[PDB]
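Take a look at the structure set out below.
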Amino acid sequence: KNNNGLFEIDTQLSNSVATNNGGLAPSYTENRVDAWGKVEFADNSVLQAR
Amino acid sequence: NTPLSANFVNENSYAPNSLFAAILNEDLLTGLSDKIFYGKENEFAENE
């Protein structure tokens, strides 16, 4: 990862990207900030409230 | 014209004897690590 002009290893992102499980791309996990960040959906009760 | 070149140094000033102003790499001042590590490349010769 480039840090203000100097590249340094990112060990968490390295592990995130390298965890592809034999697929072509990094795994998605719902409860983890992985290579795909983390996505929490709103509950369906958002439609009534708003 | 190239850095680290000056083989002769005399002694250091009593007081400020120059004006000075400069432009800084604000990015590199943010990017540099907290701890500087020197080594044997900055030591004086162990014997003559």
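Every chain in the structure tokens takes a letter, A first, then B, and so on in the order presented; its residues are numbered from 1, and the ligands are numbered from 1 following the presented order.
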TODO: From chain A, collect each residue whose DSSP state is strand (DSSP E or B) and return the set as a ChimeraX atom specification.
DONE: /A:2-3,6-7,34,37
Keeping only N, CA, C and O atoms, write the selected residues to a file as a compact mmCIF listing (two decimals), in the first residue's frame.
# COMPACT_ATOMS: atom_id res chain seq x y z
N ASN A 2 0.65 2.15 -0.92
CA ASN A 2 1.36 3.44 -0.98
C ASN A 2 0.94 4.32 0.20
O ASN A 2 -0.25 4.58 0.33
N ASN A 3 1.88 4.74 1.04
CA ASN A 3 1.69 5.66 2.16
C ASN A 3 2.49 6.93 1.91
O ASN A 3 3.69 6.99 2.21
N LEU A 6 5.64 6.23 -0.17
CA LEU A 6 6.37 5.03 0.24
C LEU A 6 5.43 3.83 0.40
O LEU A 6 4.53 3.83 1.24
N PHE A 7 5.63 2.79 -0.41
CA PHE A 7 4.89 1.50 -0.36
C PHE A 7 5.38 0.70 0.83
O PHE A 7 6.60 0.69 0.99
N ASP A 34 -13.29 -7.42 4.85
CA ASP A 34 -12.32 -8.22 4.06
C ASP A 34 -11.88 -7.37 2.85
O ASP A 34 -12.00 -6.12 2.93
N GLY A 37 -14.43 -4.90 1.87
CA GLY A 37 -14.99 -3.98 2.87
C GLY A 37 -15.97 -4.73 3.69
O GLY A 37 -15.73 -5.86 3.89
Task: Interface, chain B side, toward chain A (7 Å; only C-alpha atoms) as a PyMOL selection string - done: chain B and resi 27-28+30-31
Open item on the list: Based on the backbone DSSP call, show me all residues of chain A assigned helix (DSSP H, G or I), as a PyMOL selection string.
Closed with: chain A and resi 11-18+46-49
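The space between CA of residue 32 (chain B) and CA of residue 16 (chain A) spans 25.4 Å.
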Open item on the list: Applying 12 Å and only C-alpha atoms, which residues near region 42-47 of chain B remain after dropping the ones on its own chain fewer than 4 positions away? List them as a PyMOL selection string.
Closed with: chain B and resi 4+37-38
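A straight line drawn from CA of residue 26 (chain A) to CA of residue 13 (chain A) is 10.2 Å long.
Picture a line from CA of residue 11 (chain A) to CA of residue 25 (chain B); it runs 26.9 Å.
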